[PDB]
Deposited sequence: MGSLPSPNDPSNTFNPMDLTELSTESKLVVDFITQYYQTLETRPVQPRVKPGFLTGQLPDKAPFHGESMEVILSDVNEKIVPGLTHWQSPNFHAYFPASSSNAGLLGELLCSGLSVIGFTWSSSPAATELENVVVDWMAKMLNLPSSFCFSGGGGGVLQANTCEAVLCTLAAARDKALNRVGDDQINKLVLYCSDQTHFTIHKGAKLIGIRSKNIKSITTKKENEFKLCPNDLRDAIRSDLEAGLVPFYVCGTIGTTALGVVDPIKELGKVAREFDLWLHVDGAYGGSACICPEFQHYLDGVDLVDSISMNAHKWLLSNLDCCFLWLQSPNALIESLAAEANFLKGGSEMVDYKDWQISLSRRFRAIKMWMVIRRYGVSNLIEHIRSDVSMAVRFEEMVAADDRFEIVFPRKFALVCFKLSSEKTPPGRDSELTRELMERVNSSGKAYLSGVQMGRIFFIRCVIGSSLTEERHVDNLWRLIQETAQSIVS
């Protein structure tokens, strides 16, 4: 019997206790493992079992054979990449969503699911303080997705088809997209996906003078240069909080540029967007009225676990018309027919914790990053490569207190020895000539003590090699 209810409630507690013990381990568990390729592949049978096995033997096999070979994103010692903010409400909302197992591709196939997605989308829109034109009650509207690439693909398709409907159906080889050299690779990936040619995905270089922002004058000059070449610009992507540096592009200026040439402006909210529920960061959303579309990942700061990605349009019919084949049918809003009930999990998280708790959780992470930055700045052995705007601190070894020419390779070795120690996991990028470490505060379990321990470990490892 596959749906035995007493067995269901029996094994549910087993799995929940497994998860709680995993969580309590993470203060000790080495974050990133050191294992050999094929360790698990050779350790597991070649074919599937004919018969079944109990739940607790499965869970034991999990905790001994798969857990050690995991990178523990939830560890309070994990400060690399970008957080997978997890909470009790997010986990239990995942469980409830999967228990309902309602797949609502149209309003008729689950009215409540679509209406609850509507209200959650509008809730978040006013939490971020967008104009009415992005709300369902203001003309536009939004949708939940799984990743930012689904939303980016949807906007790219809508923009491409709007352009082609204006200039001609067989003109796809002339469409030109613009983004900065800091834009997430997902933009180039999606542009290549929707048939844009490789030469026409222009990454405009950014300069340290402009804080690596995408300058609108270079955008305008590139646009008219390619227009004099007989090609059709159609898409521009600005970013709030880039991956490597956390750059915020000048949204309003690029909005005026995109309006002047009637280009589709999309805003990758990405990492910084979630933080914009706070009044301090809301200014990073000015010019949003000139924006065609905005996407943002809630699983990067809003404690929803994985996964959930909001996407808001001022003219949603521009998207529905691109993918279709009053009452909302989300079949025409994204890639596939099959959708999950993510709205119930976002609703769960929000009503369980409150805008208050969410605001202050973001503020606590940002404050911890402020303190980490203040600690780096007090050490002449180190250097901020770019001022922090959120919970992202980018730093490296000082060149004055390292041998000539090897400050970057010694920064890389510092990061490697820290990660190999197992006591923490930091990210790091090679921006041409320089290498720098990213420390991202956001692992939910992380408190002040963990940031203090991380800074002390970075210092102790630096003294171990520097001079």
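K.L.:
Where the model has no C-alpha, note the corresponding stretch of the deposited sequence, numbering from 1.
P.N.:
Deposited residues absent from the model fall in 1-14, 340-348.
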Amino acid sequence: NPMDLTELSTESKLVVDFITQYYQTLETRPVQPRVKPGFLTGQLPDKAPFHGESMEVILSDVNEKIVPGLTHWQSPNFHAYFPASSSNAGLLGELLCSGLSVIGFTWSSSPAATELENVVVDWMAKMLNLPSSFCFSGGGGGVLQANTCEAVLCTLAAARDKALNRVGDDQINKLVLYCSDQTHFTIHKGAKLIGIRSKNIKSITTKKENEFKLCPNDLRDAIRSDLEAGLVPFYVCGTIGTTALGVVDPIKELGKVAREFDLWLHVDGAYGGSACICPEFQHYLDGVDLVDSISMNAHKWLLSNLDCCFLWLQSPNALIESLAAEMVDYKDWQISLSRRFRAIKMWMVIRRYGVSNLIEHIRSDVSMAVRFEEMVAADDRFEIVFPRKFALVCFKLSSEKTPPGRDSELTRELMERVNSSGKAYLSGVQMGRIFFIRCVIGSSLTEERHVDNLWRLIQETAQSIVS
From here on, numbers count along this sequence of modelled residues.
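K.L.:
Taking the recorded C-alpha temperature factors, which stretch has the higher mean, 101-109 or 67-75?
P.N.:
Stretch with the higher mean C-alpha B-factor: 101-109.
K.L.:
Taking the recorded C-alpha temperature factors, which stretch has the higher mean, 26-34 or 417-425?
P.N.:
Taking the mean B-factor of the alpha carbons in each, 26-34 is higher.
K.L.:
Based on the PDB record, which member of 174, 184, 162, 389 exhibits the highest Cα temperature factor?
P.N.:
Max CA B-factor in the entry, restricted to 174, 184, 162, 389: 389.
K.L.:
Quiz for you: based on the deposited Cα B-factor, which of 266, 339, 213, 396 is highest?
P.N.:
The C-alpha B-factor peaks, among 266, 339, 213, 396, at 339.
K.L.:
Name the third of the chain's ranked CA B-factors that contains residue 406, choosing lowest, middle or highest.
P.N.:
Its C-alpha B-factor belongs to the lowest third of this chain's values.
K.L.:
Where does residue 148 sit by CA temperature factor within its chain: lowest, middle or highest third?
P.N.:
Highest third.
K.L.:
Classify residue 61 as lowest, middle or highest third according to the C-alpha B-factor given in the PDB entry, relative to its own chain.
P.N.:
Within its chain, residue 61 is a middle-third residue by C-alpha B-factor, going by the deposited values.
K.L.:
Sort the modelled residues of this chain by their C-alpha B factor and say whether residue 437 lands in the lowest, middle or highest third.
P.N.:
Bottom third by C-alpha B-factor.
K.L.:
Sorting the chain's CA B-factors, does residue 358 end up in the lowest, middle or highest third?
P.N.:
Within its chain, residue 358 is a middle-third residue by C-alpha B-factor, going by the deposited values.
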